[PDB]
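**Q** Here it is, the structure in full.
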There are 2 protein chains.
Amino acid sequence: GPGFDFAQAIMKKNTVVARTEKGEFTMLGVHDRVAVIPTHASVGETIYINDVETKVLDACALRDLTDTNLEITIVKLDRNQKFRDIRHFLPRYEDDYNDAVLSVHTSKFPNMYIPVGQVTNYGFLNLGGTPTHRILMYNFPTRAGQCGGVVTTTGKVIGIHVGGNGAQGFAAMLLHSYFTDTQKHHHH
Amino acid sequence: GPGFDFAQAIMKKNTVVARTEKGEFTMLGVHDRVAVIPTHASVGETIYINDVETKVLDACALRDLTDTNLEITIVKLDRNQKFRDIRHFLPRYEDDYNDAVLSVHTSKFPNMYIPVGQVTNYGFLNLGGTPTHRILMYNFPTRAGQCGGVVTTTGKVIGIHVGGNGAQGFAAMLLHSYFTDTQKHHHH
Ligand SMILES: *[C@@H](CC(=O)OCC)[C@H](C[C@@H]1CCNC1=O)NC(=O)[C@H](Cc1ccccc1)NC(=O)[C@@H](NC(=O)OCC1c2ccccc2-c2ccccc21)[C@@H](C)OC(C)(C)C
Ligand SMILES: *[C@@H](CC(=O)OCC)[C@H](C[C@@H]1CCNC1=O)NC(=O)[C@H](Cc1ccccc1)NC(=O)[C@@H](NC(=O)OCC1c2ccccc2-c2ccccc21)[C@@H](C)OC(C)(C)C
């Protein structure tokens, strides 16, 4: 069966409601004060987190070496609470998955779970006019309001929901190497 | 934890999408060709079931001995498929419950699960101007589109979602005695 228990533990301890100029998004906290949000959320220098205005200390819109959108933006937030470190639940590599759950945490849906079935390493997607890479696909009619939703299997947090076409849903991959402690680089 | 596995088994085998003049509702099939739907769905002599026009052979809008709305309408449908008999999962008596799940099956949400936490035997509710009895209440911000949604705990199907006020959700109780094989009574 789908790993509902795992999805619930991730949602309970590692999600907040984020709100930008573009609306509300489920937001996955990954470690310390670092979280993710879809790039098309258009994060600025402040953001609402559970309706509390919060400084965005850093925001990195990920792109691959072809200079193509990956649709993940990693943010560092000025908050007191640390997120439980869930980096060990992130996949090392691209993969396909079975019996995944999509989990949403917004004002409208504070806690909701959708089994999306098989998830395929899809690759290239034209997302609302933006070429995008490293997309995961599931055959489920996902809707507006579900962006940022966390895609899991038991023991793995594999991506965040970013798009759909009325029949299929698409998530941006999360990989373990996106969040490893590193060194010195001018990035803005 | 919440009984997601049980909720999923009920949804998989015992729900259809019903559509009346008032819109779409999750519809729980109980046994044979007998199902339930909230009375405010305004069931007529035909109904759409998974988008297929279907004759409604009988419809009984339940009321208690005070002649007050219970908000459950039991329907008998002209379909080929029988529903798996789930009467043994229906509670005998009114009760309070822990860690319930609300499960929705509509066109917009073909499969969605919401843990609603504690469910209380609430009693009287004024439902959109209609006095209504035998209501179950949960502290969860349920929304339009969730009516008919099935409320479960492990091993019990306890009600169907009928209402909310933005902070709380309300279900009409299901009791085992609503569906027992009986005898001869002019009811229309
Ligand atoms: C989540 C964010 C949101 O609700 O918007 C607020 C600004 C939302 C989820 C999806 C909406 C529809 N169902 C969903 O699962 N994502 C988007 O709207 C996303 C942009 C975005 C905005 C903000 C944050 C993150 C993302 N855009 C779309 O999902 C877009 N879909 C899309 O481009 O799909 C690709 C299609 C494609 C590729 C190749 C050949 C043919 C097609 C095709 C045909 C028909 C439809 C889509 C595609 C949505 C907005 O596009 C449609 C046309 C479905 C409305
Ligand atoms: C499901 C059916 C649907 O979507 O409508 C299509 C016709 C829907 C679910 C609920 C909507 C809001 N959140 C939900 O969970 N149910 C209804 O709309 C239901 C009527 C119905 C129509 C068709 C089938 C089955 C049912 N009506 C309401 O839910 C109504 N809520 C309500 O009456 O709550 C009682 C309130 C009460 C009692 C005593 C003191 C104070 C109050 C109070 C204060 C403020 C709000 C409600 C109540 C909705 C429609 O009413 C509001 C005002 C929330 C819009």
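Every residue, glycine as well, gets a Cβ built from its backbone with ideal geometry; the counts of neighbours run over all protein chains shown. Computed from the coordinates by the stated procedures, all read-outs in this text should not be read as laboratory data.
**Q** Measuring from a point 7 Å out along Cα→Cβ, what nm distances, shortest first, does B:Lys184 have to its partners in the other copies?
**A** Ordered by distance, the counterparts are at 9.7 nm.
**Q** Here is a further query. Would you work out which of B:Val75, A:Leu136, A:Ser177 lies farthest towards the positive end of the dipole of the protein assembly as shown, given +1 charges on the beta-carbon of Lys and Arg and -1 on that of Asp and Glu, about the Cα centre?
**A** The residue sitting most towards the positive pole is A:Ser177.
**Q** Roughly how many whole Å is it from the C-alpha centroid of region A:20-42 to that of region B:155-178?
**A** 35 Å
**Q** Within chain B, which is the longest segment that contains none of the GluC sites (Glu not before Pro) sitting in a DSSP loop with at most 13 other Cβ atoms within 10 Å?
**A** B:95-188
**Q** If I model a spin label as a point 7 Å beyond the Cα along the Cα-Cβ vector, how far apart are those points for B:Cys60 and B:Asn165 in nm?
**A** Distance between the two pseudo-spin positions: 3.2 nm.
**Q** Can you give the helix-only mean residue ellipticity at 222 nm for chain B, where every DSSP H stretch with n ≥ 4 adds -39500 (n - 2.57) and the sum goes over all residues, rounded to the nearest 500 deg cm²/dmol?
**A** -2000 deg cm²/dmol
**Q** While we're on this one: Mean-square fluctuation check for chain A, GNM, Cα pairs under 10 Å: which of A:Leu65, A:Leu77, A:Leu57 is largest?
**A** Ranking A:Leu65, A:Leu77, A:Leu57 by mean-square fluctuation puts A:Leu65 first.
**Q** So, one more: What are the ³J(HN,Hα) values, in whole Hz, obtained from phi via the Karplus relation 6.51 cos²θ - 1.76 cosθ + 1.60 with θ = phi - 60°, for each residue of region A:158-166 in sequence order, with x given for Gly and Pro?
**A** Values, residue by residue: 10, x, 10, 5, 10, x, x, 10, x Hz.
**Q** Between copies, how far does the label point of A:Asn98 sit from its twins, in nm, shortest first, when each point is 7 Å from Cα along Cα→Cβ?
**A** 3.2
**Q** Now for a different question. Can you pull out the chymotrypsin sites (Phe, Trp or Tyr not before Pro) in region B:46-149 whose DSSP state is coil and whose Cβ has at most 13 other Cβ atoms within 10 Å?
**A** Here the chymotrypsin sites (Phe, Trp or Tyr not before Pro) that fit, given the DSSP loop and packing criteria, are B:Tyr93.
**Q** Sticking with this one: Taking a label point 7 Å from Cα toward Cβ, how far is A:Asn50 from its twins in the other copies, in nm, shortest first?
**A** 4.2
**Q** Same structure, new question: What does the charge dipole of region B:15-56 about its Cα centre add up to, to the nearest 20 debye, if the Cβ of each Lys and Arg holds +1 and the Cβ of each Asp and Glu holds -1?
**A** Computed about the Cα centre, the dipole is about 80 debye.
**Q** Whole-Hz Karplus ³J(HN,Hα) for region A:32-42, in order, using 6.51 cos²θ - 1.76 cosθ + 1.60 and θ = phi - 60°, x for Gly and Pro?
**A** 6, 10, 10, 9, 10, 7, x, 4, 5, 5, 6
**Q** Based on the Cβ-Cβ distance from B:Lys82 to A:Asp51, what FRET efficiency comes out when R0 is 35 Å, to the nearest 0.05?
**A** E between B:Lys82 and A:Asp51, to the nearest 0.05, is 0.10.
**Q** Evaluate the charge dipole of region A:19-95 about its Cα centre and quote only its size in Debye, nearest 20, assuming +1 on the Cβ of each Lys and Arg and -1 on the Cβ of each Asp and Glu.
**A** Roughly 320 debye, rounded to the nearest 20.
**Q** Just name one of B:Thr154, A:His161, B:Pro110: the one whose Cα is farthest towards the positive end of the charge dipole of the protein assembly as shown (beta-carbon charges, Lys/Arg +1, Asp/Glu -1).
**A** B:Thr154
**Q** How many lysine pairs does chain A hold where the Cα atoms are under 26 Å apart and the two sit 8 or more places apart or on different chains?
**A** Within chain A, the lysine pair count is 27.
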